[PDB]
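Heads up, the thing below is written out as structure tokens.
Just so you know, all these numbers are worked out from the coordinates, no wet-lab data involved. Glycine also receives a Cβ, built like all others from the backbone with ideal geometry; neighbour counts cover every protein chain displayed.
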Amino acid sequence: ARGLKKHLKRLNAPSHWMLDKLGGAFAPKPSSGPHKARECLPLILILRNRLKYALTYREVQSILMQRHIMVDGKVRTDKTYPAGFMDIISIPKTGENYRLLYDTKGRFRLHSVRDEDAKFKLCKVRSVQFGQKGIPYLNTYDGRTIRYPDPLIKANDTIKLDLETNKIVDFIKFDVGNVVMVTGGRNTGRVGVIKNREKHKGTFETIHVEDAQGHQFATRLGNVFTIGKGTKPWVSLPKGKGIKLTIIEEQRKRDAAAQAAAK
Amino acid sequence: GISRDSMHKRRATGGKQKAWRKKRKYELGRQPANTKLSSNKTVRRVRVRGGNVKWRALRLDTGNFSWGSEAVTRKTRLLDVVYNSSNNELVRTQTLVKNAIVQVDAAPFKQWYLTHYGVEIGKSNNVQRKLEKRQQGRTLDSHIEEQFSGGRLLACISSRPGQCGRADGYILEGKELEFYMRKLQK
Amino acid sequence: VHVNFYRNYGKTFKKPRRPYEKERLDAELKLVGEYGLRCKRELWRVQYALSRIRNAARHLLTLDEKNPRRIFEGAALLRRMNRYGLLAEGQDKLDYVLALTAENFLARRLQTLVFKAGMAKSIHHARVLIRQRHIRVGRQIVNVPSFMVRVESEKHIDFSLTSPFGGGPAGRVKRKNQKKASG
RNA sequence: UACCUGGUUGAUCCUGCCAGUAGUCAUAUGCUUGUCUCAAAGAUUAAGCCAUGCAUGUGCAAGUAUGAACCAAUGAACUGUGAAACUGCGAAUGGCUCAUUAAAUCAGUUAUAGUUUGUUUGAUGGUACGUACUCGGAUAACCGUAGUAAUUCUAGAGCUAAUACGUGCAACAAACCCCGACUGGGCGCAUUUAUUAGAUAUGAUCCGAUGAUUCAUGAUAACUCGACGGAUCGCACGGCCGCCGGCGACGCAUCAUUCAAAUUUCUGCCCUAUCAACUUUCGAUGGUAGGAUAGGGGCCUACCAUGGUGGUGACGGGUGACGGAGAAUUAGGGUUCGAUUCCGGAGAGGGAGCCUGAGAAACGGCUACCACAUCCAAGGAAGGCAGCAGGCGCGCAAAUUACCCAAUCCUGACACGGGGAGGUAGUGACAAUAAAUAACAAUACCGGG
RNA sequence: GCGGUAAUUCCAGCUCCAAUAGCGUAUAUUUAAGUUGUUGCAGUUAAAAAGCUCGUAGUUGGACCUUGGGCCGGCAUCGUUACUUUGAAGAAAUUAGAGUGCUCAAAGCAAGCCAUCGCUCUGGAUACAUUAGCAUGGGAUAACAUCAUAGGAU
RNA sequence: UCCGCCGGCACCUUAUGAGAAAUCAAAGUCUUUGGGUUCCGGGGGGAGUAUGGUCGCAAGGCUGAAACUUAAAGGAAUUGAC
RNA sequence: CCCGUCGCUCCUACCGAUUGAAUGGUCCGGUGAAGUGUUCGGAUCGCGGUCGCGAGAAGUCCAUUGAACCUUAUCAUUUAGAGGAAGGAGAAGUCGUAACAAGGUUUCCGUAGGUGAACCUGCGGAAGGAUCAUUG
Ligand SMILES: [K+]
Ligand SMILES: [K+]
Ligand SMILES: [K+]
Ligand SMILES: [K+]
Ligand SMILES: [Mg+2]
Ligand SMILES: [Mg+2]
Ligand SMILES: [Mg+2]
Ligand SMILES: [Mg+2]
Ligand SMILES: [Mg+2]
Ligand SMILES: [Mg+2]
Ligand SMILES: [Mg+2]
Ligand SMILES: [Mg+2]
Ligand SMILES: [Mg+2]
Ligand SMILES: [Mg+2]
Ligand SMILES: [Mg+2]
Ligand SMILES: [Mg+2]
Ligand SMILES: [Mg+2]
Ligand SMILES: [Mg+2]
Ligand SMILES: [Mg+2]
Ligand SMILES: [Mg+2]
Ligand SMILES: [Mg+2]
Ligand SMILES: [Mg+2]
Ligand SMILES: [Mg+2]
Ligand SMILES: [Mg+2]
Ligand SMILES: [Mg+2]
Ligand SMILES: [Mg+2]
Ligand SMILES: [Mg+2]
Ligand SMILES: [Mg+2]
Ligand SMILES: [Mg+2]
Ligand SMILES: [Mg+2]
Ligand SMILES: [Mg+2]
Ligand SMILES: [Mg+2]
Ligand SMILES: [Mg+2]
Ligand SMILES: [Mg+2]
């Protein structure tokens, strides 16, 4: 009340952190970092609860202190560091370069990308204005800021950003006909192609997207993330990429029963 | 202490509002600086929210005043306070606040005018070949020029002395000046 | 805070509105008598579960046929019924499940199936044998007479390996008698 | 399970209530109680009062070791660990309670183009010049003289450090703006003020952003007695003839981000008219100019105007009223409840004022008054369980002065310390789940096909 | 309502009944209660039409205006709402609900399988969530002023 | 005198209507429940009482409780008795 | 069947002389701690050149926030009270018979007066009347 809060109750944790209700009174509060602490997956919830590498809040530390975790091309030790979207969690030694992608149910998935594809990432772009001494800068959506950007780059764009030599390799503008993945709300994790953008003077830029399998859905100007030019994404999607409503999930379970086992 | 809450005020319906909490620090107030025009300058540092610093000027004698028409800013000493829009006892007490009319000596401005326009009021070839160019458009208001002989120019304070610790301002000209002259003449 | 407070919990029987009625009392006593129960609670909880299922089915049947929030849970309810041996293969509609009754549920209890499988001399002997750890479903010992068996496990009920009735060593009574006869 | 039954009569049909019927994560109580699992537990009355013990400290290779410390060594500064102490950081989170509070808190939904933000992540630091191979004075631990009945009460003396404190080279530029020698001053970044560019949308002709800005930003003139612009630490040793050099730690400033707060838009709350007018000279509603604030604003001051709300219930009163998510019962509609573990607010006996700090009007911080209450050598000194456990009291009404950081997480200089947060055992018929107290045969007796 | 010398009702024995490791009692309140009635009560005689009329606010207000028509990146500047459809944003927990043989259950979000130096990318679904706010389509039914000094449209 | 129309005070017969019934052509068109609107009742007493407010010269009028007590009070019709 | 006065007992509430009593709250007024900012002040300390600069405690002045106490008034809650008086209950009663039959004077409303009590009477009204009716 008189200041900041350093505790996060388990029942107050974000939903995509599927945490057992009777597992404790507290959840790991995400540290300050590049991502918004509600759309992030802390490292504690990576070496635990997603991989069986660590078993407690004592071996996550025991393997972070060995400097074994390299997120976004940099060794990180803070166990509650907020890896939030498409961050390259590159585990050295064993080589587990993982892109944090959005499951069709709003979850977080560690898509195992190849090593040479793990040397870059992509970032969404916030406003672009003039800095001190009249030097334009980028100010992406994951805390990153890049000075001297190419003048074609504008707001809401996406940039393919290198890691070892941090410079913009190329970029995709925000326009209709581009692959887009939704990263917020109920439509999280659904890829599609923008059909038209509707503009309301004052607020609420609404984007209408067409799914590959024929479905259509709308969302805000936020929560969307351009992925690739035209209809070809620049990254490997985890699987499915379609909403897959409950009935067809039941059908998949049925055919899994009727095949494979089939007995 | 002094607070800025609406807690003690009354509703727009004229009904008394009760109290459900104590006073809070983040809504405090402080005593006014009550800056004075005096020769013994004194400015005291204040520590404000966030750890930043406010400069509370208790006494000032000089200032940074700008002639907008010629766009020249000079440091000069204030001589008197002649008008105060809000309170008529703030000129009797000679209190430096924003929008308070003051008088500043014209010596720096006379010196700049002489060395720039080549004209005194109140070298081989380049300087003379450039001086008449500035003398071609040289024009001054009669009310502006009549104060150089007197040695003091009417001016207005645009800074907040109790906040920035300084008294800067601009020289009164045009439609402003006579409006105050008709208020200062008697 | 106490984290244990977050565990959900509920009640399973309801008790009747009118406590003293002759016809209802005789009906309940009749059912208890040949289904080998212990009290009216063992039957009231079955009534409660059946009432919940019937209410769900009735709510589903009120919706339009082309409503997915009818198709999905209609399929789920019929799947559960066909899984627990309640609805026959000739009753694959949401209307038949509204016609279910308490004896359908009581016929699927482990005690009832043990009695009807010829392993027990009477439905009370079945309950006694169940509570004495003599019966295993599949490979798992069960000592709960209310265990509702499924169709796929109906062919695996058998006396346990540890049981003297399923190939175990003699109980303490027989061993005591052998000790007495030894000397 | 969308349900009724008894009672007015000599008897009848009604209105109508009394009584009966079932539930309550709803509290007492009474009798009884074998097993398994799961669990509330001094809220109601007194936010009444507290003996006692604990609940917040913290050290990495990497700020400061000479313990007259330990473990090893054998002319060198130290060159292993390290108690104490200085320095830094934290103690504004968590925990507890519901007294005040009825468009007020609060919920959904807005805004900051009206602001502050330690920290985390990314980027960015040319102007000091008017000993830099590295400046100065103290001080703690230590040691020894003490005072007092007394306390992490207190005074002198002698030593010695810094990433403490205080000074000071800031090391080496360019461009530009002004005053100017006939054919020199300014200028890093920060602060304040003023002027000015930021276009339309000499042939060939650069220039961002919003729904919206004199906006982002640039140039100019000046201004400020400017806690700013590294006198800091660890590891590895190398390459060029003394020169140069890596990987890290901590620290200062600006911007963006994250963590947030503050203020704010619209709509929404229980009973009362035996509450119909309320507010305003002294702020009530609005305007102008200031002051103050991190910032908008009658938030405050001077002057001015007479406005603002109300049968669509203002104003006033009651609440055994914290608000919500939610709980019980539910054919549907509904009625009643919501102290309590999740979110928000408020409080630390009652009011008030404030220091430090990025963050407090903080009470396991201070200062004062009021009420209690504690030693005392009677000169003075120290207080805050609505934290955990426990005690008294109040009551119809509520458990151990136990164990532990093993789990969940948080905090610190930190892999390592600590955590009455939290977990574990104890009491527990609040509530709830499953479930023993006999099954079979023969014989005796008695029935039906 | 019972007990005034024959007590089916009190005090006890026997027998029997209901629930059963649970039952009784007191308060509070949900149902019962269509005895608070919007759904959905009543007002001649049972309690309940004002002595009567006028009257502002409130509530409620006649009819009338697209049908035949089959087919089946631009660029404006505009009557406003209620209603209805579709979408978005929407804390978890609780509730409903899919999967899952904790031995069953109340639960939990786990797990399952060849009999592996492992795999199923294992799963950790989905609804509802009044009203108010934002956006898309519809214009039937309704409310406002707009309606003949042309100061109208082109 | 006869016929017809509108408006009014009533009356007679009959439900196929309603109602506890008396009875009602409206007191009908009501579990097959909804045309608009005003007032007003919640078992019988205490009680139209206490007190406050307000109008009146007064008598009084309008508004109007609570503690407590009680298992009935009451409506229509029926058979007796008187 | 049934009504009221009077007599006895208990219970609840009301009026009530006492400028009642107590408790909590608010407005006004007086005193006003303590902190915060400001004015003056200068115990002392450091350095500089037998001369200046800097830091600075106690104290003091004004303003501000303002606890707390002391009177008046007012609001809200509980209660004492001599006396009066009202309801209800009680198996003890006294006095009559007002109502139910044409209740022996038909009954009942509004209003006014009167008397031991139910009640009586004057004026206007009603049938809930003991008359649905005199074209005679
Ligand atoms: K601190
Ligand atoms: K809100
Ligand atoms: K302000
Ligand atoms: K701090
Ligand atoms: Mg906006
Ligand atoms: Mg009852
Ligand atoms: Mg056992
Ligand atoms: Mg310390
Ligand atoms: Mg807290
Ligand atoms: Mg109130
Ligand atoms: Mg509001
Ligand atoms: Mg600008
Ligand atoms: Mg202002
Ligand atoms: Mg004023
Ligand atoms: Mg309260
Ligand atoms: Mg609450
Ligand atoms: Mg509690
Ligand atoms: Mg809370
Ligand atoms: Mg507080
Ligand atoms: Mg206390
Ligand atoms: Mg305090
Ligand atoms: Mg304490
Ligand atoms: Mg505290
Ligand atoms: Mg208890
Ligand atoms: Mg007898
Ligand atoms: Mg009724
Ligand atoms: Mg009557
Ligand atoms: Mg009547
Ligand atoms: Mg009438
Ligand atoms: Mg119409
Ligand atoms: Mg009544
Ligand atoms: Mg007669
Ligand atoms: Mg008589
Ligand atoms: Mg008579």
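Counting only helices (runs of 4 or more DSSP H) that fall entirely inside the stretch C:3-105 and contain at least 1 residues that are crowded, with 16+ Cβ neighbours inside 10 Å and over 21 Å from the mean Cα position of the chain (by Cα), the qualifying elements are C:41-61, C:68-83, C:94-98.
Right, residue A:243: surrounded by 13 or more Cβ atoms within 10 Å (Cβ to Cβ) and either of a type in the set (D, E, K, R) or more than 14 Å from every other protein chain (Cβ to nearest Cβ) (or both) or not?
Numbers: surrounded by 13 or more Cβ atoms within 10 Å (Cβ to Cβ): yes; either of a type in the set (D, E, K, R) or more than 14 Å from every other protein chain (Cβ to nearest Cβ) (or both): no.
For residue A:243, the condition - surrounded by 13 or more Cβ atoms within 10 Å (Cβ to Cβ) and either of a type in the set (D, E, K, R) or more than 14 Å from every other protein chain (Cβ to nearest Cβ) (or both) - is not met.
Residue pairs whose Cβ atoms lie under 9 Å apart, sitting 6 or more positions apart in sequence or on different chains, and linking a residue in the stretch C:64-87 that is over 16 Å from residue C:100 (Cβ atoms) and within 12 Å of chain A (Cβ to nearest Cβ) to a partner that is assigned to a loop (DSSP other than H, G, I, E, B) and hydroxyl-bearing (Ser, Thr, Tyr), are C:70/C:62.
How many of the residues in the stretch A:19-35 are assigned to a loop (DSSP other than H, G, I, E, B), over 14 Å from residue A:48 (Cβ atoms) and within 12 Å of another protein chain (Cβ to nearest Cβ)?
Here is the first cut: in the stretch A:19-35, the residues assigned to a loop (DSSP other than H, G, I, E, B) are A:19-20, A:24-25, A:28-35.
Keeping just the survivors that are over 14 Å from residue A:48 (Cβ atoms) gives A:25, A:29-35.
With the extra rule that they be within 12 Å of another protein chain (Cβ to nearest Cβ), the set shrinks to A:25.
Qualifying residue count for the region: 1.
The number of residues in the stretch A:176-229 that are over 21 Å from the mean Cα position of the chain (by Cα) and outside any strand (DSSP E or B) comes to 12.
Condition test on residue A:90, is it within 27 Å of residue A:141 (Cβ to Cβ), more than 11 Å from RNA strand D (Cβ to nearest atom) and away from chain C (no Cβ under 14 Å)?
On the way: within 27 Å of residue A:141 (Cβ to Cβ): yes; more than 11 Å from RNA strand D (Cβ to nearest atom): yes; away from chain C (no Cβ under 14 Å): yes.
In short, yes.
Just a yes or no: is a residue in the stretch B:40-48 more than 16 Å from RNA strand E (Cβ to nearest atom), surrounded by 14 or more Cβ atoms within 10 Å (Cβ to Cβ), within 27 Å of the chain's Cα centre (by Cα) and outside any loop (DSSP other than H, G, I, E, B)? Scanning the stretch B:40-48, I find at least one residue that is more than 16 Å from RNA strand E (Cβ to nearest atom), surrounded by 14 or more Cβ atoms within 10 Å (Cβ to Cβ), within 27 Å of the chain's Cα centre (by Cα) and outside any loop (DSSP other than H, G, I, E, B), so the answer is yes.
Condition first: assigned to a loop (DSSP other than H, G, I, E, B) and near RNA strand D (Cβ under 8 Å from one of its atoms). Now tell me which residues in the stretch A:5-18 satisfy that.
Residues of the stretch A:5-18 that are assigned to a loop (DSSP other than H, G, I, E, B), as a first pass: A:5-7, A:13-18.
Residues satisfying the conditions are A:5, A:6, A:7.
The numbered conditions (1) within 6 Å of RNA strand D (Cβ to nearest atom); (2) surrounded by 10 or more Cβ atoms within 10 Å (Cβ to Cβ) are all true for residue B:94 except (1).
Within 16 Å of ligand 19 (Cβ to nearest atom) and either surrounded by 11 or more Cβ atoms within 10 Å (Cβ to Cβ) or in a loop (DSSP other than H, G, I, E, B) (or both): is that true of residue A:2 in this structure?
Working: within 16 Å of ligand 19 (Cβ to nearest atom): yes; either surrounded by 11 or more Cβ atoms within 10 Å (Cβ to Cβ) or in a loop (DSSP other than H, G, I, E, B) (or both): yes.
So residue A:2 passes the test.
Screening residue B:121 with (1) farther than 30 Å from residue B:44 by Cβ; (2) assigned to a helix (DSSP H, G or I) gives one miss only, at (2).
Every condition in (1) closer than 27 Å to residue A:190 by Cβ; (2) buried (at least 20 other Cβ atoms within 10 Å of the Cβ); (3) not polar (S, T, N, Q) holds for residue A:64 except the one numbered (1).
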